[PDB]
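See structure below.
Please treat every number below as a calculation from the coordinates, not as lab data. When we count neighbours, we look across all protein chains shown, and the Cβ atoms used for this are built from the backbone with ideal geometry, even at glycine.
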2 protein chains.
Amino acid sequence: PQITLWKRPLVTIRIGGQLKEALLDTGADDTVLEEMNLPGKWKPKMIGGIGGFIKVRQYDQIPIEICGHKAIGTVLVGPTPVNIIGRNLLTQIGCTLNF
Amino acid sequence: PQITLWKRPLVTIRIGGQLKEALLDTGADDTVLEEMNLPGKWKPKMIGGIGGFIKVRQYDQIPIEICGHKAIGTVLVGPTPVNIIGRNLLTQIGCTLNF
Ligand SMILES: CNC(=O)CCC(=O)N[C@@H](Cc1ccccc1)[C@H](O)CN(CC1CC1)S(=O)(=O)c1ccco1
């Protein structure tokens, strides 16, 4: 799809078998989801945003279907204000900015 | 133009008498610029993201050129670690996400 930016670019994702809403976020390096359970091993990590650093759990090689497009990659879980799809997965689904 | 997301989508912007590098950020409702001493009236505001909130100064109807595209709108100024072009200006320059 082509998505204009008058509204937040929120899309439905499927991850760990469950549907969630998430923000397509070109200003995010990484994909960060609100507190949830995911299978497998994770590693403690820290990331910075506006207003400082948080602790997250890093899950590697996690499949997510983003608006009907398949990705498999790193998913961080922690106290983000909203579920965000970052560049690591935006690139996988062929997402570009155009003007 | 088309901008892929392998790296941060940083572009040159012009505001006041200053050229700066700023993120084209679909995840940002607002445009947030690093500390700069702009003339004119402003209103205090708080904005938040991953690591919590920061204090900013809200300036309205500020002309800003992004990648040679003119825009005019609200600019928040404060201790952000990166210059952020939010959806309020991305819409003005005709920016879309596409996949
Ligand atoms: C490893 N770090 C990241 O991936 C950054 C994730 C992030 O917080 N991105 C911000 C933009 C940003 C990038 C780098 C440093 C600081 C900020 C995101 O794209 C825009 N934010 C809102 C989205 C998290 C929901 S925001 O907090 O910066 C913002 C922008 C305007 C008002 O708030």
Notebook entry, point to check: In this structure, does A:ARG87 turn out to be facing chain B (nearest Cβ under 10 Å) and closer than 30 Å to B:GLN2 by Cα?
Noted result: yes
Check: Is it the case that the range A:59-75 has a residue that's outside any strand (DSSP E or B) and touching a residue at least 24 places away in the same chain (Cβ under 8 Å)?
Finding: yes
Notebook entry, point to check: Would you say A:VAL32 is surrounded by 14 or more Cβ atoms within 10 Å (Cβ to Cβ), near the ligand (Cβ under 9 Å from one of its atoms) and of a type outside the set (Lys, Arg)?
Noted result: yes
Notebook entry, point to check: Regarding A:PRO79, is this residue more than 7 Å from chain B (Cβ to nearest Cβ), more than 14 Å from the ligand (Cβ to nearest atom) and either under 11 Å from the mean Cα position of the chain (by Cα) or not aromatic (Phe, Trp, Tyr) (or both)?
Noted result: no
Margin query: Every residue in the range B:82-99 that is more than 10 Å from the ligand (Cβ to nearest atom) and of a type in the set (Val, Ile, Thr), please.
Written below: B:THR91, B:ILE93, B:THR96
Next item on the list: Of all residues in the range A:10-29, count the ones that are crowded, with 21+ Cβ neighbours inside 10 Å and assigned to a loop (DSSP other than H, G, I, E, B).
Entry: 4
Checklist line | Subset of the range A:40-73 (residues that are β-branched (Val, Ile, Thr) and either within 12 Å of chain B (Cβ to nearest Cβ) or within 11 Å of the ligand (Cβ to nearest atom) (or both)) | finding: A:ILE47, A:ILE50, A:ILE54, A:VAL56, A:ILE66
Margin query: Exactly one of these conditions fails for B:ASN37: (1) surrounded by 21 or more Cβ atoms within 10 Å (Cβ to Cβ); (2) out of contact with any strand residue (DSSP E or B) (no Cβ under 8 Å at 6 or more places or on another chain); (3) more than 10 Å from chain A (Cβ to nearest Cβ). Give me its number.
Written below: (1)
